Amino acid sequence: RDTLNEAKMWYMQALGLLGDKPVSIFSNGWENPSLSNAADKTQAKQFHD
Amino acid sequence: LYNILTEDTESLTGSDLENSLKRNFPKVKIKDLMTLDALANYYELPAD
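So the sequences go chain by chain: A and E.
The deposited numbering puts the first sequence at residues 1841 to 1889.
The deposited numbering puts the second sequence at residues 244 to 291.
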């Protein structure tokens, strides 16, 4: 029993290191693009520019 | 809870909207509840 409370305090310390679980967004500015539109050469040129 | 889920909250305008938000949410700030963490913790369901 006491070693299970030990287990709980170790995992709670690990959760204290990690913190708040990041909520993954799904409602997003991601439109659904065309594969022709997604792979434009200008779309990487402007990015690295 | 049946009296909560019974209410005709749809198509309810005017000050009766303010009265219904005051009844169904007595203690919270609605502007504080708008975020997703508040809606996860307030109703005790995971944010996913």
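Just so it is clear, CB atoms sit at the ideal spot from N, CA and C, and this is done for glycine as well.
The alpha helix (DSSP H) enclosing residue i, as first and last residue numbers
i	result
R1841(A)	Segment: none, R1841(A) is in no alpha helix (DSSP H) and carries neither H nor E.
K270(E)	Segment: none, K270(E) is in no alpha helix (DSSP H) and carries neither H nor E.
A1884(A)	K1881 to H1888
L244(E)	Per DSSP, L244(E) belongs to no alpha helix (DSSP H) and is neither H nor E.
Three-state secondary structure assigned by DSSP to residue i
i	result
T278(E)	coil
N1872(A)	coil
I1865(A)	coil
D1860(A)	coil
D259(E)	helix
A290(E)	coil
Assumed close pair residue i, residue j - CB separation to whole angstroms, cut-off 8 Å
i	j	result
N267(E)	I247(E)	7 Å
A283(E)	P289(E)	6 Å
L279(E)	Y285(E)	That belief does not hold up - the Cβ atoms of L279(E) and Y285(E) are roughly 11 Å apart, past 8 Å.
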